[PDB]
Amino acid sequence: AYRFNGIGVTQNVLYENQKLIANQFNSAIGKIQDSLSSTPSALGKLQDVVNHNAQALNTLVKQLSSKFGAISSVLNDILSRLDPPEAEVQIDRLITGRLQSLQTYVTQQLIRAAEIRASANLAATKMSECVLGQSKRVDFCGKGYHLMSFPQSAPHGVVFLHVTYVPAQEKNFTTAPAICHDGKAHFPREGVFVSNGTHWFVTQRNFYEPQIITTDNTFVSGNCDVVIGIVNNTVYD
Amino acid sequence: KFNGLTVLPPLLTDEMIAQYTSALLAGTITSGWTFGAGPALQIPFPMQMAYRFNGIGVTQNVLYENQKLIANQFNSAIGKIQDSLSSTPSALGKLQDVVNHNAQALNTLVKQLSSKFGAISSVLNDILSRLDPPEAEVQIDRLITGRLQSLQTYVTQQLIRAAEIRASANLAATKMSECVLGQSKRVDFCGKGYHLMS
Amino acid sequence: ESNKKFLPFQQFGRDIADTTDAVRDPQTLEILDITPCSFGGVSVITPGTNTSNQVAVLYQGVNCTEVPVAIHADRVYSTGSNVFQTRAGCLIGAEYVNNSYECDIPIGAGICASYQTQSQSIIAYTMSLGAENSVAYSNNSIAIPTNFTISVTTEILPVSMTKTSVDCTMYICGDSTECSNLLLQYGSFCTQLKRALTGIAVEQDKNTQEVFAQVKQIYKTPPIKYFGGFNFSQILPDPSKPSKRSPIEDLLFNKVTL
Amino acid sequence: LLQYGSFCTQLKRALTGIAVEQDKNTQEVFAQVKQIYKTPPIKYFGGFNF
Ligand SMILES: *[C@@H]1O[C@H](CO)[C@@H](O[C@@H]2O[C@H](CO)[C@@H](O)[C@H](O)[C@H]2NC(C)=O)[C@H](O)[C@H]1NC(C)=O
Ligand SMILES: *[C@@H]1O[C@H](CO)[C@@H](O[C@@H]2O[C@H](CO)[C@@H](O)[C@H](O)[C@H]2NC(C)=O)[C@H](O)[C@H]1NC(C)=O
Ligand SMILES: *[C@@H]1O[C@H](CO)[C@@H](O[C@@H]2O[C@H](CO)[C@@H](O)[C@H](O)[C@H]2NC(C)=O)[C@H](O)[C@H]1NC(C)=O
Ligand SMILES: *[C@@H]1O[C@H](CO)[C@@H](O)[C@H](O)[C@H]1NC(C)=O
Ligand SMILES: *[C@@H]1O[C@H](CO)[C@@H](O)[C@H](O)[C@H]1NC(C)=O
Ligand SMILES: *[C@@H]1O[C@H](CO)[C@@H](O)[C@H](O)[C@H]1NC(C)=O
Ligand SMILES: *[C@@H]1O[C@H](CO)[C@@H](O)[C@H](O)[C@H]1NC(C)=O
Ligand SMILES: *[C@@H]1O[C@H](CO)[C@@H](O)[C@H](O)[C@H]1NC(C)=O
Ligand SMILES: *[C@@H]1O[C@H](CO)[C@@H](O)[C@H](O)[C@H]1NC(C)=O
């Protein structure tokens, strides 16, 4: 009820639809396992890390068989065939080439580590803001009005389950900005004036629940000769 | 198209991006922030302006009793933008730097092809027409090596720039989500002052 | 033919990049412009091998009224069939239609390709941005929802990667003393490499530490799981299995394979 | 040059990754909506001029 109140819906909406909301939540949480299992490419982000690490290591170890313009790619062969004062010319090329291989590997690793750190920082922020509280930022903790989130672990990563509120089944209505009565203007406190064709009510914005217009949910604060589009009716006491 | 260097076209053309922008503008004008969280719900523009004033701590009757003045101020402010952008020459340096850096890097890479790297000549055809097979290798090796480091340097610089571009794009996406599809309470995130709409 | 105004003593021509772009014919005094012959990349567009064996070929950035025959370098073979001209090059083996769907395989400036039933074939089209919609705007009309829906979505984020270490002597010189002594003259690169790798590993540990260790206590759920009708059995730990993991966590750990 | 290993594969892979990232940046910045809304034919919005 507090979490509904935090997005602009009163508590009696929850307290009078408890079973329906529970059933909807249960079905939605049930569908997640099927949705994850059916799609094969749902976890590409976590697989790319393993693939890149394996590919880099494989390339580094495969580079050891290159010649770099030498007689052979094996040190033992040169040490068993040739003599001390001449093997240096062959050994230098191997040493150099292996040095650039190592340097390239290290530079690529640093560049990847920077991106991984950025992603980890984003994950930490989401853990702090979506799980330990309720977020007003739009499209930060899912699509819709955020309610609450749950964390789950995964190989080299985290998975967030976001629960959101989505409106549905809208309807045409006629509206006015203010109500004229006894030469005084009336504005709603929280909500909007609405008409079903012949009568006027005041309602909240995110859920249809008409009420009788009364001095307890309006304030006067003005006159009737300035507002554009004012409509005059009766205000009950 | 200069010695094995090609430029690929972007996937989304300019017309498609313009259509996206037009759709976003129409949605935020005829609905408000409702189309960013579900179905789009219509509402008259002055009423959502009253909602947006209410969202920063000012009552609605302040808007409803100063409608013409606020409209005139908004119209003048939106009018001044074209002059402000056109007059200042260095207003769009951020977007020009991308083009300048790309052109400079490509020019340096193609200019590096005329170096000798301690060889007899910088042209392969000259060596292939003057010398013989068993000796041209000593000259060819230096050229191959130098061109290899040139390519490696170019690629590393490109990666380093791409990281920064990605960070800027992420910031732009966040601003699109938070300042355009809603109203922001974060200070100095969607301009200077109390945010209304973008 | 060249329209350049050569001075009566110069013969060659150069550009900003210092390349030859003009020449003078010796026997007959005339100026000729030189342009390089066409070249480019070749791309192959295919659906999965589990679906079909047909393919399409894209020649990138080439007007292909000029290339019915060319060599592949990395051999002459041509395809014919259906030829279409796009902005990214031109396409062989695919048919252009007038419809518009969601993009499946991106190609170029707003062009996508797909495997359709027309029998089945490969088709090319212009991507569709979405479904057209117009909202009924008026200055005294409003819309208010009368029902709601609870939705659950997922988001996946990487946190850390593998920690590796490298030894210079073993990798470079194996177990040769002469190679090590020769390498000793190259300075102190190995110290830098070791320092970089160690820093990366420490950072990798700190990432997980700062993501997951957000609490100081270790709270425990009540023995009886009644929460007003809500059912959290799919995300709470399962004590029956030895790993002590939720069903969703088990599925996630099974899905990712080394 | 064939004796120098497999540097070219690495260069090609890096450049291809950069290009794909470049496309994804625009895709995630601009494609924020699913529908294509259209403005009403008559442009009166209470005195505001867009
Ligand atoms: C709001 O939507 C819910 C969800 O569809 C509606 O509840 C359904 O009502 C029908 C009609 O009796 C049942 O057959 C379904 O089983 C209900 N769904 C669930 C999950 O219980 C509800 O009726 C709607 N509200 C109104 C006022 O019509
Ligand atoms: C919470 O949901 C789970 C999953 O649907 C329920 O477990 C099911 O219980 C029924 C009845 O015992 C079994 O027939 C199913 O096989 C169970 N499913 C699984 C996946 O084990 C559980 O009963 C629900 N909680 C409550 C209190 O009813
Ligand atoms: C909205 O502003 C534009 C720009 O000031 C107005 O267009 C001007 O209209 C007047 C009268 O027709 C012309 O004399 C100007 O030359 C127009 N300016 C431009 C730049 O075209 C437009 O009239 C305004 N909207 C309304 C409803 O008045
Ligand atoms: C609201 O009014 C418009 C215009 O008459 C109409 O197209 C739309 O269907 C109405 N909304 C509903 C939920 O019927
Ligand atoms: C509008 O609501 C009033 C409430 O008293 C009711 O009497 C009237 O019949 C309603 N009109 C329509 C068209 O539903
Ligand atoms: C009530 O509104 C009507 C419609 O605008 C108007 O003609 C009438 O004068 C108003 N009542 C009074 C007492 O002014
Ligand atoms: C391709 O060449 C033809 C030959 O005249 C020309 O008409 C056409 O415009 C060219 N198209 C492109 C894209 O260059
Ligand atoms: C495809 O058909 C549509 C509808 O007739 C037409 O607008 C479009 O120009 C056609 N595309 C062609 C001929 O390339
Ligand atoms: C605004 O309201 C007036 C009635 O006061 C109406 O004539 C006009 O059509 C409305 N504007 C639009 C765009 O419908």
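For the numbers below, each heavy atom of this structure counts, side chains included, while hydrogens, waters and symmetry mates do not. The chains referred to below are lettered A, B, ... by the order of the sequence lines, with proteins before strands, and numbering in each begins at 1.
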Looking only at heavy atoms, which two atoms of [X] and [Y] are closest? And how far apart?
X         : Y         : answer
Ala120(A) : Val211(C) : O-CG2, 3.6 Å
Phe173(A) : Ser195(A) : CD2-O, 3.5 Å
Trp33(B)  : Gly182(B) : CB-CA, 4.1 Å
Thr198(A) : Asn196(A) : N-OD1, 3.4 Å

Do [X] side-chain atoms and [Y] backbone N/O form a donor-acceptor pair below 3.5 Å?
X         : Y         : value
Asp182(A) : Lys184(A) : no
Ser149(A) : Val131(A) : no
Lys136(A) : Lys185(B) : no

If we only count heavy atoms from C-beta on, is the [X] to [Y] side-chain gap below 4.5 Å?
X         : Y         : result
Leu161(A) : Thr154(C) : yes
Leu12(B)  : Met127(C) : yes
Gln234(C) : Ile32(A)  : no
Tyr125(C) : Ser114(C) : yes
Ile56(B)  : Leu196(B) : yes

Going by ring pair (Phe, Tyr, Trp, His ring centres under 6.0 Å), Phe148(C) matches just one of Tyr145(A), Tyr208(A), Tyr165(A). Which one? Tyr165(A)

Ring centroid separation for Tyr137(C) and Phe45(D), is it under 6.0 angstrom? yes

Evaluate the side chain to side chain donor-acceptor pair (under 3.5 Å) criterion for residues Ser151(C) and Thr164(A): first the C-alpha distance (whole Å), next the side-chain angles of each, then the deciding distance (0.1 Å), finally the verdict. CA-CA 5 Å; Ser151(C) 87; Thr164(A) 48; 2.6 Å; yes

What's the spacing between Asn23(A) CG and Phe230(C) CZ if we round to 0.5 Å? 9.5 Å

Strictly by modelled atom types, are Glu249(C) and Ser153(A) linked by a side-chain donor-acceptor pair under 3.5 Å? yes

As a quick check of understanding, evaluate ring-ring contact (aromatic ring centres under 6.0 Å, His included) for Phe45(B) and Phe50(D), giving each step before the final call. CA-CA 12 Å; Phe45(B) 192 79; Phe50(D) 305 110; 5.4 Å; yes

